[PDB]
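Novice: Got a structure here, written out as C-alpha cells. Questions coming.
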Amino acid sequence: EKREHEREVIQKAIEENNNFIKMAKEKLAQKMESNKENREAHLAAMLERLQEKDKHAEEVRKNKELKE
Amino acid sequence: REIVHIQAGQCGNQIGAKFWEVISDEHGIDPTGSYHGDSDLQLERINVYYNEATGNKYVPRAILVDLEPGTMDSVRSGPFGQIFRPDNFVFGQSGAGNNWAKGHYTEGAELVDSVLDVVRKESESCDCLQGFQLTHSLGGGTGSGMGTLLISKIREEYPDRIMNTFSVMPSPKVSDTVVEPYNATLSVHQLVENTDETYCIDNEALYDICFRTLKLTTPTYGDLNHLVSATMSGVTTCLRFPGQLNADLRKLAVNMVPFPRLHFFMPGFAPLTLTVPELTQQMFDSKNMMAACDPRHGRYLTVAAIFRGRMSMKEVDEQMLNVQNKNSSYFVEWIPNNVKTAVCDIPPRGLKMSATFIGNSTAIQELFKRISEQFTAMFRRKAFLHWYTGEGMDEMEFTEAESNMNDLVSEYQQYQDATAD
Amino acid sequence: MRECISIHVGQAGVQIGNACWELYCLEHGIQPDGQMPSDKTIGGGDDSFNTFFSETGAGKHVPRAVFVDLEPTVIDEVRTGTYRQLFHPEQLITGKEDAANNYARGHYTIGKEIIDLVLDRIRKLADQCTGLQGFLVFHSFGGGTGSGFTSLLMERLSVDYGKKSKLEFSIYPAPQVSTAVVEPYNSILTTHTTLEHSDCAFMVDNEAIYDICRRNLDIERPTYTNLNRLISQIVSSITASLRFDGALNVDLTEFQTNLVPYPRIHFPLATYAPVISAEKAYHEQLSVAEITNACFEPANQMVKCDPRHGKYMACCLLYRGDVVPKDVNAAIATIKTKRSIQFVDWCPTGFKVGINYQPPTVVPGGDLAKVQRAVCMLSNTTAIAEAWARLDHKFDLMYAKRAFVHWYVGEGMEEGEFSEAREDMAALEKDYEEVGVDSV
Ligand SMILES: Nc1nc2c(ncn2[C@@H]2O[C@H](COP(=O)(O)OP(=O)(O)OP(=O)(O)O)[C@@H](O)[C@H]2O)c(=O)[nH]1
Ligand SMILES: Nc1nc2c(ncn2[C@@H]2O[C@H](COP(=O)(O)OP(=O)(O)O)[C@@H](O)[C@H]2O)c(=O)[nH]1
Ligand SMILES: [Ca+2]
Ligand SMILES: [Ca+2]
Ligand SMILES: [Cl-]
Ligand SMILES: [Mg+2]
C-alpha cells in the first residue's frame, strides 16, 4: 500500500506540472489570438474611415462637375 | 529610425527650408551635402533625417510640394537649395488661390498622386521608417488643404506609422486674407482625426514676440521664421542626437498624448534674443510660448523640456522640480510625473545654453476659441462661401468642422476640470 | 551541473548585464578576450564558475547569457565594446524597432516577431548544460521591452521548461531617471502576467540606488553607469554562492527555501553594505559588526520601504570576504538586542548566514572603494508591499481617466486586461497584509 501511495504522489506531481504547462500554453495562445484580432479590427476601422473620406471627395468632385 | 519630411505650400516650404538649413548646420552638413563637422555626435543619428549617397554625401529625406512653382524655385536658389534631391520637387501650375477646397478636393487632388510616388520611393529605402513630419500653414490653400489630403493618403498607405505636423496658425496680425478662418477650421478638422502630434506654430504669438519682446516694429516673415526654425530645431533635438528621452516620434507621442484627439502642442523657447533658473523660468513664461495661449489659464497634461548646452544636470533637475512644486496647481494631479526633461550637450548656433518647451496644455483652447470666433463671425453671414461651394463642397462640411473644433475645445475643458478626488 | 542561464531584456537589462558580466570576469580572473589563465582544464570542467561560464576548446570562457532588445543601439555597444570578444554573436539578439515604452508592443506587436528566435538561442544555451538549474532574467518594469517582452518570454519559458526555476532582477521605476509616463501601467501589467511564472524576484528601486549613490558616494547626479555598478555588486553578492565554492558557502536555493513561504510572496528586500567612497574608506576598516548594522538601516535598501513598520518572515545574511562565524554571531546578537526586528508568529526568528571567502572586487575607475568584507541581506518583509502600493496608486490615478490607455488598445489590448492586472495587484497587497496578521 505504501508503494502504491508513492507511485500516486509522483504521478500527481507529473500531472500537475503537465497541467501547468498546458494551461500556460493555452492562455498564451488565446491572448495572442485575441490581440491579433483586436489590432486588425482597429486598423480595419481606421482604413474604412479613410475610404469614406475618399468616397466623399469623389462625391464633391461630382457635385462640382454638375455645377457646370 | 528614419523620418520622412514633407513641406507643402508657401509657408510650409519656407519654414522647411529654414529648418533644413538650421539642422544641416547643427550636423555639420554644407550646402553640397558633405560633412565637415568636429564631433561624432553629429553623425550618430544623421540617418534620421538624411539619406547617405555616393561620395559620403548627405541628402535630406525631404519632399517639397506646392501648387505653384515660385516658392520652390526660390528654395532651389536658396543657400541650401542644391542639397535637396531634384526628383523630390513636386509642383503644379494652377495654384490654390488660398482656397482649402482647391487644395484638398480639386487641384491638390490632381497633384497628390505624384507626391505619393516620391513618398513611397523614400519610404521603401528606409531601414525602419518611424513616420512623417509635415510643415505647412493652415491659412492658405496648398499647405492647408493639400497637406491634410496628403496626411490622409499617407495614413492610408502607412497606418501604423506616426504622423507629425508643424502647423502654422493664421492671425489677422500677419495676414489679411479673409478666408483664413475657414481654411484653418477645415484643416483642424482633418488634423484632429489624422495626426498623432501637432506643434501649433501660432503666427499671432510669433508676431507678438517679434514686436513686444524683440522690439521689431515691422516684423517680416523672416523674423517670424527665425523663431520657427529655432523652435523646430529644439523640438527635434531629441530625435536628432543620442539620448534617452523622447528619442523617437512614437515614444514622444506616448509621453505626450493621453487622449488621441488632444495632440496639439504649445511650443516655447528660451532665451528670446543665461543661468539655469533663468532658462527654466523663461521657458515656462507665457511670453515665450509660440502659441498665443497663457498656460496659467489652464492645466498641463504633459510637458517635455529640452535643455541644450553645457550645464549642471543637478541644477537642471533641481530647477525643474522647483517649477513643478511651485506651480503644482497648473499640472493635472491624475497624471503623475508628467514632466520629462532631456539634456543635450550640443547647443544651437550662436547660443551657449537654450531650453525648448513642449506642453500639452488645456490652454490651447484659447487658440482654438480664437479661430472659432473668427470662423463663426463669417459663417453666420455665409461670407465668401461660394469659393468653396463652387468646388463641390457642402455647407454641412463647414458646420461639421465647426462642431468638431468646438468639441475639441470642450474636451480640453473637461480634462481641465477633471479632478483626482 | 547546476548551470544558470542569464537573460537580459531591454536597455536596463542589457546594461546591467554589461556591468554584471564585467564584474564576474574581474572576480574570476577572466580577461576581456575570454581567456582565464588560472583555469587549467581546457574546454570544460565542473568548477564553480562554470555554473555561469561555458568553455571553448580554445580556452575562451563564454557567459551562459542571452542579450535581447527590440532595438539595436544598446546591444550594438556590447558588439563593439570592451567585452565584445566575450560573447558569441548569436548571444546578442536585436530587432529594428523598439516597443516605444508600450507593454502591448513589447508583449504582442513587436515581441511576437522575435520571441521564437530568442527561445531558439536560449535552447542552444540550454543544450550545452548537463544539469541546468534555471534562469536569471534582468529587466525593467517601465520599458516596453523590459515589461511586455519579459512577460512573453517568461510565459514561453514556463511552457518550454516546466517548473524549472526562474529568478528575476526587476528595475522598479523612479521619477529621477524614468523615461515614460506610462511606466506604472507597464509595471502593473508585467507584474501581473509574470507573477505565476517567477519563483523569486529581486526588485531594485532606481530611486533607492540613486539616493545611495548621492548620499554614500557623493555623486551629484548619478548616471545609469553609477547605478548599474552598484546593482552589479548586489547581484554578485546574490550569485556568489552559485559561482564560488567554500565550506561556509550556503546555496542561493537554500536561502530561497526560507525566503518564499507562499508562491506569491517571493519578493525579497535586498540590503547591501558597505557602499563607501575610496576617500572615506582610506584608513577606515569597516568591521563585520559595522556592515551588519548597516544592513538594518533603511537608507541602504534596494527598495524604499520601512521594515520597522512591517514584519519579517525570513532574514538571510550573505557575507563575502574576510568574515568568520564568531564575528557574525556577535554582531547578530548585538543587533537583536538593539533593533526593531519583529517576526510573524508562524516563522522562526533565526538568521540564515552564508559566507563566501573570496573578497569583493571593484571595476577600475569606479566609485566604490575596495573593501575586505561586505554583506548582502535578503529579508522577506511585509514592508515590500509599500512599493506595490505606490505603483498601484499611480496606476489608479491615471486609469481613473483612462489616460494613455488608447495606446495599448490600439495595439490589441483590452481594458479588461488592465482591470484584471490591477485586481491581481490588489490581491497581492491583501496577501501581504494577511501573512502579517497573527495566528488564532
Ligand atoms: N538601473 C537602471 N535602470 C535603467 C537603465 N536603463 C533604463 N533603466 C530604467 O528602465 C526604465 C525604462 O525602460 P527601458 O529598459 O529603458 O525600456 P526598454 O526595455 O528598452 O523598452 P522599449 O520601450 O522598447 O525601449 C526606466 O525606469 C529607466 O529608469 C539602466 O541602465 N540602469
Ligand atoms: N511663420 C510664417 N507664416 C507664413 C509664411 N508664409 C505664409 N504664412 C502664413 O500662411 C497663411 C497663408 O498660407 P500660404 O502657405 O501662404 O498659402 P499656400 O501656399 O497656398 O499653402 C497665411 O496666414 C500666412 O500668414 C512664412 O513664411 N512664415
Ligand atoms: Ca499666400
Ligand atoms: Ca575549465
Ligand atoms: Cl565597482
Ligand atoms: Mg531600449
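Protein chains in written order, with PDB author numbering: chain E, 74 to 141; chain D, 2 to 42, 45 to 276, 286 to 360, 369 to 441; chain C, 1 to 440. Virtual Cβ for every residue (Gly too), placed ideally from N, Cα, C.
For a quick check, are the C-beta atoms of residue 138(C) and residue 17(C) less than 8 Å apart?
Specialist: yes
Novice: Quickly, what does DSSP pair residue 380(D) with across the bridge? List them, please.
Specialist: 314(D)
Novice: Exposed or buried, what is residue 437(C) when buried is set at 16 or more other beta-carbons lying within 10 Å of its beta-carbon?
Specialist: exposed
Novice: What three-state label does DSSP hand residue 339(D) in the structure shown?
Specialist: coil
Novice: Going by beta-carbon coordinates alone, are residue 14(D) and residue 90(D) separated by less than 8 Å?
Specialist: no
Novice: Indicate the three-state DSSP secondary structure (helix, strand or coil) for residue 439(C) in the structure shown.
Specialist: When DSSP states are grouped into helix, strand and coil, residue 439(C) belongs to the coil group.
Novice: Which chain E residues are close to residue 158(C), counting only those with a beta carbon under 8 Å from its beta carbon?
Specialist: 93, 94 and 97
Novice: Check whether the stretch 86–106 of chain D and the stretch 408–420 of chain D are in contact - that is, three or more C-beta pairs closer than 8 Å.
Specialist: yes
Novice: Measuring only the C-alpha atoms, how far is residue 345(D) from residue 401(C)?
Specialist: Each residue's Cα considered, the two are about 11 Å apart.
Novice: Anything in chain D within Cβ reach of residue 130(E), meaning under 7 Å, just list it in chain order.
Specialist: 108 and 112
Novice: Need the endpoints of the alpha helix (DSSP H) that residue 395(C) sits in, please.
Specialist: 385–399
Novice: Between the stretch 107–133 of chain E and chain D, which residues of the former have CB atoms less than 7 Å from a CB of the latter, in chain order?
Specialist: 116, 119, 120, 123, 126, 130 and 133
Novice: If you run the structure through DSSP and keep just helix, strand and coil, what is residue 249(C)?
Specialist: In the structure shown, residue 249(C) sits in coil (DSSP, three-state: anything other than H, G, I, E or B).
Novice: If we count Cβ pairs, one from each stretch, closer than 8 Å, do we get three or more for the stretch 13–31 of chain C versus the stretch 132–147 of chain C?
Specialist: yes
Novice: Could you tell me whether the Cβ of residue 394(C) comes closer than 8 Å to any Cβ of chain D?
Specialist: yes
Novice: Can you list the residues of chain C that residue 248(D) reaches, using a CB-CB cut of under 7 Å?
Specialist: 179
Novice: Are residue 322(C) and residue 359(C) touching if we call contact CB-CB under 8 Å?
Specialist: Taking 8 Å as the cut-off, the beta carbon of residue 322(C) is found closer than this to the beta carbon of residue 359(C).
Novice: In chain order, what residues of the same chain have a beta carbon less than 7 Å from the beta carbon of residue 216(D), not counting five sequence neighbours either side?
Specialist: 275 and 299
Novice: Do residue 132(D) and residue 158(D) have their beta-carbon atoms positioned less than 8 Å apart in this structure?
Specialist: no
Novice: Taking Cβ to Cβ, would you say residue 177(C) is nearer than 8 Å to residue 216(C)?
Specialist: Taking a C-beta distance under 8 Å as the contact criterion, residue 177(C) and residue 216(C) do not qualify as a contact pair.
Novice: By the 9 Å beta-carbon criterion, what residues does the stretch 86–117 of chain C contribute toward chain E?
Specialist: 104, 107, 108, 109 and 112
Novice: Rounded to a whole number of angstroms, what is the C-alpha to C-alpha distance between residue 64(C) and residue 430(D)?
Specialist: Taking the straight line joining both Cα atoms gives about 57 Å.
Novice: Within the chosen definition, does the stretch 39–53 of chain C reach the stretch 237–250 of chain C through at least 3 CB pairs nearer than 8 Å?
Specialist: Result yes; three or more Cβ-Cβ pairs closer than 8 Å.
Novice: Quick one: using the 10 Å Cβ neighbour count with 16 as the cut-off for buried, is residue 416(D) buried or exposed?
Specialist: exposed
Novice: On the DSSP letters alone, give me the boundaries of the beta strand (DSSP E) that residue 6(C) sits inside.
Specialist: 3–9
Novice: So is the beta-carbon of residue 11(D) under 7 Å away from any non-hydrogen atom of ligand 3?
Specialist: Flag set: Cβ of residue 11(D) near ligand 3.
Novice: Applying a beta-carbon distance threshold of less than 8 Å, which residues of chain D neighbour residue 339(C)?
Specialist: Within chain D, no residue comes near residue 339(C); the closest Cβ sits about 34 Å away, beyond 8 Å.
Novice: Can you tell me where the alpha helix (DSSP H) with residue 108(C) in it begins and where it stops?
Specialist: No alpha helix (DSSP H) contains residue 108(C), which DSSP labels as neither H nor E.
Novice: Does the distance between the C-beta of residue 146(D) and the nearest non-hydrogen atom of ligand 3 fall short of 7 Å?
Specialist: The answer is no for residue 146(D).
Novice: Using a cut-off of 7 Å between C-beta atoms, extract the partners of residue 253(D) located in chain C.
Specialist: 100
Novice: Which of the three DSSP states is assigned to residue 69(C) in this structure?
Specialist: strand
Novice: Strictly by DSSP, which residues pair up with residue 127(C)?
Specialist: Residue 127(C) pairs with nothing; no bridge assigned.
Novice: Mind listing which residues of the stretch 398–427 of chain D have their C-beta closer than 8 Å to chain E's C-betas, in chain order?
Specialist: Within the stretch 398–427 of chain D, the residues whose Cβ lies closer than 8 Å to some Cβ of chain E are 410, 411, 412, 413 and 414, listed in chain order.
Novice: Candidates 175(D), 150(D) and 75(D): which alpha carbon is nearest residue 198(D)'s?
Specialist: 150(D)
Novice: Would residue 131(C) and residue 254(C) be called neighbours here (beta carbons separated by less than 8 Å)?
Specialist: Result no, Cβ atoms of residue 131(C) and residue 254(C) do not sit closer than 8 Å.
Novice: Going by DSSP in three states, residue 368(C) sits in which element: helix, strand or coil?
Specialist: coil
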